[PDB]
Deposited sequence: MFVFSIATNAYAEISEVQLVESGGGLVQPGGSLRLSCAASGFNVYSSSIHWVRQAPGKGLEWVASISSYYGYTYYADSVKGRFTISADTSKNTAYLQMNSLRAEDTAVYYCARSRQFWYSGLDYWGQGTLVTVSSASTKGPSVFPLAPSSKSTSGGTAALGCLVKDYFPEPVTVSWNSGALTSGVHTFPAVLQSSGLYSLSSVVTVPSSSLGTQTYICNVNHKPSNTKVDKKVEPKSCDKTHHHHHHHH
């Protein structure tokens, strides 16, 4: 009644990541297990297919010689070995159930895991306000906010401790994730915190 993906992260463009999809709630011999590399809005792209009952593996052509699909069926799990990972394979990888008898579209996908591959280490953001003025207040309401710029891994959870529109990040000239976030409160009267998971830093700025 379940499906997960553990692992996945930031890796140099030469090496290896390998992913553990620790399924639960059914038989590994009546399903076929697939990997889908949709990535960040580029599209939807299939990676892998293992059929344990028959013991066959099918591979999307772009990951032939450096991607490995396995499954150790005792633990009901399944694996993706990624050696020689480029920056295009950078993705959010996906695990996908099937009916072995017979294949009738991909039953159950999983929470997913952010793979990330670019030539730049982890960084934490520096958090600087967007402090309102006469130029950010309209009809009673005013706009406080918090730019969050120049951090590498998969993005962050904002913590202001409605009208709180937070933006999917952008990759800057240096390839560091930068993203903005505002609020609209009334012109009388508030502080923002951003908590990067891969940084062990929780910067709580205050908008003035």
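Got a list of the deposited-sequence ranges with no coordinates?
-> Those stretches are 1 to 16, 178 to 182, 211 to 215, 235 to 249, listed in order.
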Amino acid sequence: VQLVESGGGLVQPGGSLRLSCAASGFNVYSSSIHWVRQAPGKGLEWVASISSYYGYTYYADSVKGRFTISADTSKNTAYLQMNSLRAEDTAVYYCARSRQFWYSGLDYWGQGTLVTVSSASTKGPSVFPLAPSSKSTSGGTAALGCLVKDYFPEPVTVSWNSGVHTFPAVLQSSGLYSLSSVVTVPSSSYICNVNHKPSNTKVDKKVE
From here on, numbers count along this sequence of modelled residues.
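Entry-level comparison of average CA B-factors, 11 to 19 and 193 to 201, reporting the higher stretch = Comparing 11 to 19 with 193 to 201, the higher average CA B-factor belongs to 193 to 201.
Mean C-alpha B-factor higher for 103 to 111, or for 119 to 127?
-> If you average the C-alpha B-factors of 103 to 111 and of 119 to 127, the larger mean comes out for 119 to 127.
Going by the entry, which of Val63, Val36, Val158, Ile50 has the most elevated CA B factor?
-> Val158 has the highest C-alpha B-factor of those listed.
Based on the entry's values, in what third of the chain does the Cα temperature factor of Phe167 lie: lowest, middle or highest?
-> CA B-factor rank for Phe167: middle third.
If you rank every modelled residue in this chain by C-alpha B factor, which third holds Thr90: lowest, middle or highest?
-> It falls in the middle third of the chain.
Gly55: which third of its chain by C-alpha temperature factor?
-> Bottom third by C-alpha B-factor.
Compared with the other modelled residues in the chain, in which third is the CA B-factor of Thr141?
-> Within its chain, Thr141 is a highest-third residue by C-alpha B-factor, going by the deposited values.
Looking at the entry's B-factor column for C-alpha atoms only, identify whether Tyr29 ranks in the lowest, middle or highest third of its chain.
-> Bottom third by C-alpha B-factor.
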